[PDB]
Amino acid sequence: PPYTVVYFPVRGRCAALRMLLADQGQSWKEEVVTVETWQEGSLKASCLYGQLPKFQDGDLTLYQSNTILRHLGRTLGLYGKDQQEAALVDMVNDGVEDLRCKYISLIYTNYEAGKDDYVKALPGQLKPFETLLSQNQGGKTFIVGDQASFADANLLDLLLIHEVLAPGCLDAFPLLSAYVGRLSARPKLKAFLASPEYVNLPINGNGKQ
């Protein structure tokens, strides 16, 4: 650190890393970039892949939401207790990323038309995580092992935004439901989740959710 998050005024792909920071009692700065400032071109051109989030950690500059998560993960000790757990953490995060991509596709590509089918296929998309939970201490702790990993933050966010998209989509998944309530109850995380810093930011940038 110091940590600096450069992003649009939305939760989007920074929601998980923000929860991770808050949960771990870390302090950071939010550098807000408006859509008008972005259309000016300057910043976009200076971005490695021409996109945000951009993350500053001391003299280190990173791009890619999952790179930021893994960086915080290996640097803060949220990346498994050993090499085997590390692989499982990755396997979870990759699964989360795959579904997040379909979700982002729905939101910005064809929300009105595709929402129904998307929701029909939703349970098959969530089942894997319920399964992973059931194979780890009956899903009583975290997604991998008995300690938090950056994959928890990313999975938790995925679940939270899908409950908004399709309320009760977790009722059919006992472990996932209990997992969400348990994590959301963690003091610092709970505080953050209830703060205007989170609540007053839309989930996505096109007003859809």
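The first residue of the shown sequence is 1; numbering continues from there.
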query: Of 25 to 33 and 46 to 54, the stretch whose C-alpha atoms average the higher B-factor in the entry; finding: 25 to 33
query: 135 to 143 set against 83 to 91, stretch whose average Cα temperature factor tops the other in the entry; finding: 135 to 143
query: Top Cα B factor in the deposited entry, candidates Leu158, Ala151, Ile68, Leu165; finding: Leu165
query: Record-listed C-alpha B factor of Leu62: chain third; finding: lowest
query: Among modelled residues of the same chain, the CA temperature factor third for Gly77; finding: middle
query: Third of the chain's Cα B-factor distribution that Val96 belongs to, per the entry; finding: lowest
query: Lowest, middle or highest third - CA B-factor, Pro187; finding: highest
